[PDB]
Amino acid sequence: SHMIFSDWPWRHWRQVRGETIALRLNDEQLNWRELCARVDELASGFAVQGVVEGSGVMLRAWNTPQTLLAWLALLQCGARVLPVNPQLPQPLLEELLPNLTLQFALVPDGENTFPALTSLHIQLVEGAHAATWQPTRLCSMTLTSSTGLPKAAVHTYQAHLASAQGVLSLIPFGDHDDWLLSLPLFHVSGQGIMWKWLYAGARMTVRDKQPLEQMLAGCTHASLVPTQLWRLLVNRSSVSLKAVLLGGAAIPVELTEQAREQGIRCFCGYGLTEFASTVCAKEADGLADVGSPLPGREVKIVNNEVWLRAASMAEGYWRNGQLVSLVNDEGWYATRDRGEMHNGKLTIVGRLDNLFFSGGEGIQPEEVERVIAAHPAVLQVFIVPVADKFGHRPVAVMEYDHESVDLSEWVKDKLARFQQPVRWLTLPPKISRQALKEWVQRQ
Ligand SMILES: Nc1ncnc2c1ncn2[C@@H]1O[C@H](COS(=O)(=O)NC(=O)CCC(=O)c2ccccc2C(=O)O)[C@@H](O)[C@H]1O
Ligand SMILES: [Mg+2]
């Protein structure tokens, strides 16, 4: 099922059924007409400050009502938007930004700290400024996460809409269903929610950060990482969810089973920044695979490495005004993910770069993590290399359901001797595996 847009999707739904509810901003509901009016106030505000088609704009901000509206207004001006996790350090950004062809910075909750960029403010002005709707126009620049410095993957509107199209051919999402903006707009996971909302013309909820169960009040849908869903199940929170899309890492069968117990229908996904989110997906079924590729997507394994094509692929990485192609000599994106293919379903083994050797035997931490995650009391589990006089050896860093449990015996009929953790630790108060290696070495 495809959706052909006459105009900006929000204006499209205004024309088709403007008086229907579109969005919750905290306790405030807006219909499509009201939403468009609010976007216009801002869009024109940005046009007055000199934002034009193709302007590079940094949006350093958390998920808030104000951030969402700023996104829709910037896009409506035809601006190339780079959303930025506010946690990223000042020095890092100074290295990135001059290559990203930006002339603007919008930092709504604080301060612009880049004199090279024109400080952009939130200004509500008449009347209705908007560029011409063009699917193939560059839409978003999204930062990767760490083989060094993060790259800026660039997507068109068409690619984001293609992402939503594929995902919604699997996940039912009715016109009165309400998806919680539950993940950052500076990641593709959060952007994907916005676009699935707009593709279906259903409802989205934006709430200020607060406990997730309260954020979810009246929502039918959400996109979550495993830890988030774990938090809901442990607390046994009263949530009314028709569907959860999971992704970002491997998804344990026991999470998914515990979700069904509590009336939460789960979908499992394999997605990447380079592909504007989900590529392979399925309804959860107790198996370890991540399902088949969605409509309009190809996967293949060469040398145990996952190679991808999709209509949701980025145009390229942005390098000082040029778009660097993502694909290799044969027109595929090489993910650096190790994976297998059986019955047309993909299994993700782990990241190539996370592989490490211990006494000659290769350890793939995700493989080991998957086994340990079977235990009922396990909540998080990371297998980290530590140096040894062996080369390296595996250490388990954990988070348990309620207080530690010793698994050094339980594991013996489940892991090879060389995969069993030397030490069993606790996670200190997406987690970077480099930071995780550095923390373990210092213990
Ligand atoms: N199901 C898996 N098993 C095992 N490794 C996996 C993996 N899904 C990713 N990954 C890993 O994450 C990498 C991609 O990392 S990434 O560039 O930051 N992009 C993402 O993680 C996007 C995730 C995402 O978009 C998402 C997250 C939560 C809920 C929904 C969504 C969504 O809308 O698709 C992949 O290359 C894999 O290594
Ligand atoms: Mg409008």
# chains A, B, ... in the order shown; residues from 1 in each chain; ligands from 1

$ residues_around --residues "residue 402 of chain A" --least-positions-apart "5" --cutoff "12 Å" --atoms "only C-alpha atoms" --output "ChimeraX atom specification"
/A:231,234-235,376-380

$ select_by_dssp --residues "segment 41-208 of chain A" --states "strand (DSSP E)" --output "PyMOL selection string"
chain A and resi 56-60+80-84+104-106+118-120+138-143+152-156+178-180+203-206

$ residues_near_ligand --ligand "ligand 2" --cutoff "8 Å" --atoms "only C-alpha atoms and all ligand atoms" --output "ChimeraX atom specification"
/A:8,10-11,33,35-40,73,76,128,130

$ closest_atom_pairs --of "segment 182-203 of chain A" --to "segment 21-27 of chain A" --cutoff "8 Å" --atoms "only C-alpha atoms" --output "tab-separated table"
residue	atom	partner	partner_atom	distance
A:201	CA	A:22	CA	7.4
A:202	CA	A:22	CA	6.4
A:203	CA	A:22	CA	4.9

$ closest_atom_pairs --of "chain A" --to "ligand 1" --cutoff "7 Å" --atoms "only C-alpha atoms and all ligand atoms" --output "JSON lines"
{"residue": "A:144", "atom": "CA", "partner": "ligand 1", "partner_atom_place_in_ligand_line": "17 (O)", "distance": 5.7}
{"residue": "A:145", "atom": "CA", "partner": "ligand 1", "partner_atom_place_in_ligand_line": "18 (O)", "distance": 6.1}
{"residue": "A:188", "atom": "CA", "partner": "ligand 1", "partner_atom_place_in_ligand_line": "25 (O)", "distance": 5.2}
{"residue": "A:189", "atom": "CA", "partner": "ligand 1", "partner_atom_place_in_ligand_line": "25 (O)", "distance": 3.5}
{"residue": "A:192", "atom": "CA", "partner": "ligand 1", "partner_atom_place_in_ligand_line": "33 (O)", "distance": 5.6}
{"residue": "A:193", "atom": "CA", "partner": "ligand 1", "partner_atom_place_in_ligand_line": "33 (O)", "distance": 6.9}
{"residue": "A:223", "atom": "CA", "partner": "ligand 1", "partner_atom_place_in_ligand_line": "29 (C)", "distance": 4.4}
{"residue": "A:224", "atom": "CA", "partner": "ligand 1", "partner_atom_place_in_ligand_line": "29 (C)", "distance": 4.5}
{"residue": "A:225", "atom": "CA", "partner": "ligand 1", "partner_atom_place_in_ligand_line": "28 (C)", "distance": 4.6}
{"residue": "A:245", "atom": "CA", "partner": "ligand 1", "partner_atom_place_in_ligand_line": "30 (C)", "distance": 5.2}
{"residue": "A:246", "atom": "CA", "partner": "ligand 1", "partner_atom_place_in_ligand_line": "29 (C)", "distance": 4.1}
{"residue": "A:247", "atom": "CA", "partner": "ligand 1", "partner_atom_place_in_ligand_line": "28 (C)", "distance": 3.6}
{"residue": "A:248", "atom": "CA", "partner": "ligand 1", "partner_atom_place_in_ligand_line": "21 (O)", "distance": 3.6}
{"residue": "A:249", "atom": "CA", "partner": "ligand 1", "partner_atom_place_in_ligand_line": "6 (C)", "distance": 3.8}
{"residue": "A:250", "atom": "CA", "partner": "ligand 1", "partner_atom_place_in_ligand_line": "3 (N)", "distance": 3.5}
{"residue": "A:251", "atom": "CA", "partner": "ligand 1", "partner_atom_place_in_ligand_line": "1 (N)", "distance": 6.2}
{"residue": "A:268", "atom": "CA", "partner": "ligand 1", "partner_atom_place_in_ligand_line": "1 (N)", "distance": 6.5}
{"residue": "A:269", "atom": "CA", "partner": "ligand 1", "partner_atom_place_in_ligand_line": "1 (N)", "distance": 5.0}
{"residue": "A:270", "atom": "CA", "partner": "ligand 1", "partner_atom_place_in_ligand_line": "8 (N)", "distance": 3.7}
{"residue": "A:271", "atom": "CA", "partner": "ligand 1", "partner_atom_place_in_ligand_line": "22 (C)", "distance": 4.5}
{"residue": "A:272", "atom": "CA", "partner": "ligand 1", "partner_atom_place_in_ligand_line": "19 (N)", "distance": 3.5}
{"residue": "A:273", "atom": "CA", "partner": "ligand 1", "partner_atom_place_in_ligand_line": "17 (O)", "distance": 3.9}
{"residue": "A:274", "atom": "CA", "partner": "ligand 1", "partner_atom_place_in_ligand_line": "17 (O)", "distance": 6.6}
{"residue": "A:276", "atom": "CA", "partner": "ligand 1", "partner_atom_place_in_ligand_line": "25 (O)", "distance": 6.9}
{"residue": "A:277", "atom": "CA", "partner": "ligand 1", "partner_atom_place_in_ligand_line": "25 (O)", "distance": 3.7}
{"residue": "A:278", "atom": "CA", "partner": "ligand 1", "partner_atom_place_in_ligand_line": "34 (O)", "distance": 3.7}
{"residue": "A:290", "atom": "CA", "partner": "ligand 1", "partner_atom_place_in_ligand_line": "1 (N)", "distance": 5.9}
{"residue": "A:335", "atom": "CA", "partner": "ligand 1", "partner_atom_place_in_ligand_line": "36 (O)", "distance": 6.1}
{"residue": "A:337", "atom": "CA", "partner": "ligand 1", "partner_atom_place_in_ligand_line": "38 (O)", "distance": 5.6}
{"residue": "A:348", "atom": "CA", "partner": "ligand 1", "partner_atom_place_in_ligand_line": "4 (C)", "distance": 5.3}
{"residue": "A:350", "atom": "CA", "partner": "ligand 1", "partner_atom_place_in_ligand_line": "38 (O)", "distance": 6.4}
{"residue": "A:351", "atom": "CA", "partner": "ligand 1", "partner_atom_place_in_ligand_line": "38 (O)", "distance": 5.5}

$ closest_residue --among "A:91, A:184, A:226, A:172" --to "residue 61 of chain A" --atoms "only C-alpha atoms"
A:184

$ closest_residue --among "A:134, A:15, A:237, A:312" --to "residue 262 of chain A" --atoms "only C-alpha atoms"
A:237

$ residues_around --residues "residue 302 of chain A" --least-positions-apart "6" --cutoff "12 Å" --atoms "only C-alpha atoms" --output "ChimeraX atom specification"
/A:308,330,332-341

$ residues_around --residues "residue 403 of chain A" --least-positions-apart "2" --cutoff "12 Å" --atoms "only C-alpha atoms" --output "VMD selection string"
chain A and resid 377 to 379 398 to 401 405 to 406 426

$ write_last_selection --atoms "N, CA, C and O atoms" --output "PDB file, in the first residue's frame"
ATOM      1  N   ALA A 377      16.814 -13.423  35.174  1.00  0.00           N
ATOM      2  CA  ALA A 377      17.289 -12.266  35.944  1.00  0.00           C
ATOM      3  C   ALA A 377      18.159 -11.280  35.156  1.00  0.00           C
ATOM      4  O   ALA A 377      18.463 -10.194  35.665  1.00  0.00           O
ATOM      5  N   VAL A 378      18.579 -11.640  33.943  1.00  0.00           N
ATOM      6  CA  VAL A 378      19.428 -10.740  33.152  1.00  0.00           C
ATOM      7  C   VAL A 378      18.592  -9.662  32.475  1.00  0.00           C
ATOM      8  O   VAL A 378      17.497  -9.916  31.974  1.00  0.00           O
ATOM      9  N   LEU A 379      19.141  -8.458  32.474  1.00  0.00           N
ATOM     10  CA  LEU A 379      18.475  -7.291  31.950  1.00  0.00           C
ATOM     11  C   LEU A 379      19.364  -6.664  30.884  1.00  0.00           C
ATOM     12  O   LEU A 379      18.926  -6.450  29.751  1.00  0.00           O
ATOM     13  N   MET A 398      27.340  -6.321  33.589  1.00  0.00           N
ATOM     14  CA  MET A 398      25.934  -6.717  33.712  1.00  0.00           C
ATOM     15  C   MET A 398      25.005  -5.676  34.344  1.00  0.00           C
ATOM     16  O   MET A 398      25.451  -4.756  35.033  1.00  0.00           O
ATOM     17  N   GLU A 399      23.708  -5.847  34.083  1.00  0.00           N
ATOM     18  CA  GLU A 399      22.642  -5.267  34.893  1.00  0.00           C
ATOM     19  C   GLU A 399      21.564  -6.329  35.096  1.00  0.00           C
ATOM     20  O   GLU A 399      21.082  -6.928  34.134  1.00  0.00           O
ATOM     21  N   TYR A 400      21.193  -6.555  36.356  1.00  0.00           N
ATOM     22  CA  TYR A 400      20.247  -7.611  36.715  1.00  0.00           C
ATOM     23  C   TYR A 400      18.877  -7.034  37.049  1.00  0.00           C
ATOM     24  O   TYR A 400      18.741  -5.827  37.245  1.00  0.00           O
ATOM     25  N   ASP A 401      17.876  -7.913  37.103  1.00  0.00           N
ATOM     26  CA  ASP A 401      16.482  -7.531  37.356  1.00  0.00           C
ATOM     27  C   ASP A 401      16.314  -6.862  38.718  1.00  0.00           C
ATOM     28  O   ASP A 401      15.696  -5.797  38.829  1.00  0.00           O
ATOM     29  N   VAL A 405      23.333 -11.861  40.450  1.00  0.00           N
ATOM     30  CA  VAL A 405      23.193 -13.314  40.417  1.00  0.00           C
ATOM     31  C   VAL A 405      24.474 -13.884  39.833  1.00  0.00           C
ATOM     32  O   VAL A 405      25.002 -13.344  38.857  1.00  0.00           O
ATOM     33  N   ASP A 406      24.980 -14.969  40.413  1.00  0.00           N
ATOM     34  CA  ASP A 406      26.177 -15.599  39.874  1.00  0.00           C
ATOM     35  C   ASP A 406      25.811 -16.625  38.810  1.00  0.00           C
ATOM     36  O   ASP A 406      25.043 -17.553  39.071  1.00  0.00           O
ATOM     37  N   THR A 426      29.438  -5.178  37.194  1.00  0.00           N
ATOM     38  CA  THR A 426      28.166  -4.467  37.093  1.00  0.00           C
ATOM     39  C   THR A 426      28.336  -3.169  36.295  1.00  0.00           C
ATOM     40  O   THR A 426      29.332  -2.456  36.455  1.00  0.00           O
TER      41      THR A 426
END

$ residues_around --residues "residue 374 of chain A" --least-positions-apart "2" --cutoff "8 Å" --atoms "only C-alpha atoms" --output "list in words"
residues 252, 253, 254, 370, 371, 372, 376 and 378 of chain A

$ residues_around --residues "residue 102 of chain A" --least-positions-apart "6" --cutoff "10 Å" --atoms "only C-alpha atoms" --output "VMD selection string"
chain A and resid 54 to 58 80 to 82 116 to 118 320 to 321

$ closest_atom_pairs --of "segment 132-221 of chain A" --to "segment 282-286 of chain A" --cutoff "12 Å" --atoms "only C-alpha atoms" --output "tab-separated table"
residue	atom	partner	partner_atom	distance
A:166	CA	A:282	CA	11.6
A:167	CA	A:282	CA	9.6
A:168	CA	A:282	CA	11.5
A:169	CA	A:282	CA	10.8
A:170	CA	A:282	CA	7.4
A:171	CA	A:283	CA	8.2
A:172	CA	A:283	CA	10.9

$ write_last_selection --atoms "N, CA and C atoms" --output "PDB file, in the first residue's frame"
ATOM      1  N   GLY A 166       7.819   0.893   3.837  1.00  0.00           N
ATOM      2  CA  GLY A 166       8.229  -0.480   4.080  1.00  0.00           C
ATOM      3  C   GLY A 166       7.796  -0.974   5.447  1.00  0.00           C
ATOM      4  N   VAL A 167       8.076  -0.177   6.474  1.00  0.00           N
ATOM      5  CA  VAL A 167       7.782  -0.574   7.851  1.00  0.00           C
ATOM      6  C   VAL A 167       6.277  -0.746   8.039  1.00  0.00           C
ATOM      7  N   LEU A 168       5.492   0.186   7.494  1.00  0.00           N
ATOM      8  CA  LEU A 168       4.027   0.147   7.640  1.00  0.00           C
ATOM      9  C   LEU A 168       3.316  -0.936   6.812  1.00  0.00           C
ATOM     10  N   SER A 169       4.037  -1.591   5.902  1.00  0.00           N
ATOM     11  CA  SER A 169       3.502  -2.771   5.215  1.00  0.00           C
ATOM     12  C   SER A 169       3.502  -3.992   6.141  1.00  0.00           C
ATOM     13  N   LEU A 170       4.231  -3.901   7.258  1.00  0.00           N
ATOM     14  CA  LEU A 170       4.285  -4.963   8.260  1.00  0.00           C
ATOM     15  C   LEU A 170       3.501  -4.582   9.511  1.00  0.00           C
ATOM     16  N   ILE A 171       3.817  -3.428  10.083  1.00  0.00           N
ATOM     17  CA  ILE A 171       3.185  -2.999  11.323  1.00  0.00           C
ATOM     18  C   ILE A 171       1.859  -2.294  11.028  1.00  0.00           C
ATOM     19  N   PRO A 172       0.729  -2.860  11.482  1.00  0.00           N
ATOM     20  CA  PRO A 172      -0.510  -2.107  11.297  1.00  0.00           C
ATOM     21  C   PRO A 172      -0.502  -0.833  12.145  1.00  0.00           C
TER      22      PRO A 172
END

$ select_by_dssp --residues "segment 87-132 of chain A" --states "helix (DSSP H, G or I)" --output "MDAnalysis selection string"
chainID A and resid 90:99

$ atom_distance --atom1 "atom CA of residue 261 of chain A" --atom2 "atom CA of residue 236 of chain A"
10.6 Å

$ atom_distance --atom1 "atom CA of residue 141 of chain A" --atom2 "atom CA of residue 195 of chain A"
15.0 Å

$ atom_distance --atom1 "atom CA of residue 49 of chain A" --atom2 "atom CA of residue 111 of chain A"
16.8 Å

$ residues_around --residues "residue 196 of chain A" --least-positions-apart "6" --cutoff "8 Å" --atoms "only C-alpha atoms" --output "NGL selection string"
:A and (161 or 164-165 or 168)

$ write_last_selection --atoms "N, CA, C and O atoms" --output "PDB file, in the first residue's frame"
ATOM      1  N   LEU A 161      10.247   8.605   3.313  1.00  0.00           N
ATOM      2  CA  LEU A 161       8.915   8.116   3.001  1.00  0.00           C
ATOM      3  C   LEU A 161       8.973   6.650   2.563  1.00  0.00           C
ATOM      4  O   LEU A 161       8.106   5.849   2.935  1.00  0.00           O
ATOM      5  N   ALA A 164       9.258   4.569   5.811  1.00  0.00           N
ATOM      6  CA  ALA A 164       7.950   4.446   6.429  1.00  0.00           C
ATOM      7  C   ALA A 164       7.061   3.462   5.656  1.00  0.00           C
ATOM      8  O   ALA A 164       6.392   2.636   6.256  1.00  0.00           O
ATOM      9  N   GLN A 165       7.067   3.562   4.329  1.00  0.00           N
ATOM     10  CA  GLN A 165       6.262   2.698   3.475  1.00  0.00           C
ATOM     11  C   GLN A 165       6.540   1.242   3.783  1.00  0.00           C
ATOM     12  O   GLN A 165       5.615   0.458   3.963  1.00  0.00           O
ATOM     13  N   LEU A 168       5.492   0.186   7.494  1.00  0.00           N
ATOM     14  CA  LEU A 168       4.027   0.147   7.640  1.00  0.00           C
ATOM     15  C   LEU A 168       3.316  -0.936   6.812  1.00  0.00           C
ATOM     16  O   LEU A 168       2.122  -1.177   7.018  1.00  0.00           O
TER      17      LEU A 168
END

$ closest_residue --among "A:368, A:200, A:48, A:279" --to "residue 298 of chain A" --atoms "only C-alpha atoms"
A:279
